[PDB]
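One protein chain, two forms: both are listed below as structure tokens, the first as structure 1 and the second as structure 2.
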Structure 1
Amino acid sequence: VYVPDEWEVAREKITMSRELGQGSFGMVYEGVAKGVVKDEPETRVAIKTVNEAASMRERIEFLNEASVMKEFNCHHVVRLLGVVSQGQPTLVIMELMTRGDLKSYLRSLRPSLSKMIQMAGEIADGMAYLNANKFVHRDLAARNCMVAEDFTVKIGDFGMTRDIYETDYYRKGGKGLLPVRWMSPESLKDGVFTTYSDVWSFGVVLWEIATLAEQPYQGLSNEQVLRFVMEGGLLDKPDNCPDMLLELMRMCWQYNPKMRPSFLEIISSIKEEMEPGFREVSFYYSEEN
């Protein structure tokens, strides 16, 4: 059961155009929304839809998982703008990230130390924010980080591990997809995700940044990755990777979860390298922190 509230948007206020790609729960479209942002008649938006064909259960979980974003207000986490819970299709309205996902962006360059570090700190800041709001992402990867008009990186789609719904197919136990090349040794073992395993994934994202989105554990099957990582195996250090990002990856990949830095500590160690602008928009320097 979902209860409509102030986040509800009338469908006539929405138009959709081009497909942006299939995320968790369904297709994302570019569109236009009326009356979603302060002091503008209309805003270009991203609209995620749940198919008409989808079960009522998926449709409800879609809305409930998205509704966690009603509490979020961070420059480095993609904002929820509204919801359409009445009629078909069920829609989630979000801040439009016009340069798409970070993985695809990285592939397209196939950056400098200053730009690599700014991305790092932006991602860590969005994550520090979420973790402080008691939220574990569980699917931090470059594919789930997003790039804004001005190249600011923000935290995106967390739904992939929470969407266990396929319309006419059912997996024996009822479990879901797991992002094994981004997961910590302890999460591979028991399937629980924590603040500390998010930090593990952050190191993988830095590695993805440093290799321009190479496939983690490039030469190994999924079964081989499970074994390798659970036995303390680690990703190769990228070519010409600045020492600072190498140092960060290594701290993020401590086998023992309690020995990894927090996100606030990661930012703390690289704050001298950030744009002056970061002090005004980040959660790190905010009153909240």
Structure 2
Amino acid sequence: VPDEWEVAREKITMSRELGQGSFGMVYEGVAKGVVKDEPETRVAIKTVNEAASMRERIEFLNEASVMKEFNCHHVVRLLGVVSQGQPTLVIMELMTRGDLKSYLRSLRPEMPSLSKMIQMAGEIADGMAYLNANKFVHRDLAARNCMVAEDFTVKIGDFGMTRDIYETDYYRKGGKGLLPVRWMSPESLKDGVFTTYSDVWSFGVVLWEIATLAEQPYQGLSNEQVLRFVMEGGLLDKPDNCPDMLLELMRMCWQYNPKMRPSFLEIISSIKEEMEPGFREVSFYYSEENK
């Protein structure tokens, strides 16, 4: 049978550029027959420079492969892959408002309500709960990796560091690597071990980013001081005028002992009454798959 993810290049059109990505230019466009009962669909088109190395092309395609496993309202959806001809393309759900970090920055008085903030927290936690439930550790949860849809829905959108943990429940990084130090848990910084627990730590940082309108975590501290500050028990400050529920969630997500941190399901459970009505209809939390 045919590769269900492969799409004929002819069915995809590129309307305009959105911005430069990790492996190449990302465009906004339209694709035909990628969604059921839908003639054409608006999409984001990620490309790989025709001059990219095998190493880069492999990483690019590996991210697409991982995404083929996800089907969640709060996770940016993979819609197809064009692996025949040049350039190599990956088509995904269009998130008109861009990444969450830029969206938060755009709200700065220089350049959101408690309910809006809690709604975002719930959506992100739901996507992460879905990910963890399928035995995947994201490893790079941060506002820059979440996206915002037209209707303001927030979704997990970059999986460059995502790893399958089905067999061992953890992932250990070996050797050297460029890692998101300011979003990493104490145990991860110490011995490169990543678990659903360290994903929860990063979620805490994302909450902080939301409440501060994307301030840089540990601003003023060099990477070195961050490593020491966090591993010794230090924490980011309490954002001014931050909703009590988010301060408490942060406190919980930042327990030094990973086993003391809540799970994404426990996080959602604690704030579910604050979520909008439709959350029960589209969330992984209230789905039958979660039992």
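Shifts are known only where both forms have a C-alpha. Only the largest set of C-alpha atoms that superpose within 1.5 Å between the two forms is called the rigid core. Along the sequence of structure 1, residues get numbers from 1 upward.
K.L.:
Under a superposition restricted to the rigid core, does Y165 display a Cα displacement of 2 angstroms or more between structures 1 and 2?
P.N.:
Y165: C-alpha displaced by 2 Å or more between structures 1 and 2.
K.L.:
Against the rigid core, is the Cα displacement of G277 between structures 1 and 2 at least 2 Å?
P.N.:
After core superposition, the C-alpha of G277 moves less than 2 Å between structures 1 and 2.
K.L.:
Could you check, with the core superposed, whether the Cα atom of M230 shifts 2 Å or more between structures 1 and 2?
P.N.:
No, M230 moves less than 2 Å.
K.L.:
Taking the rigid core as fixed, quantify in angstrom how much the C-alpha of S24 shifts between structures 1 and 2.
P.N.:
Displacement of the C-alpha, rigid core superposed: 3.5 Å.
K.L.:
Using a rigid core fit, what is the CA shift at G174 between structures 1 and 2, in angstrom?
P.N.:
Its alpha carbon moves by 7.4 Å.
K.L.:
Fit the two forms on the core and write out the ranges of at least 3 consecutive residues whose every CA moves by 2 Å or more between structures 1 and 2.
P.N.:
After core superposition, the displaced runs are 17 to 27, 56 to 58, 160 to 176.
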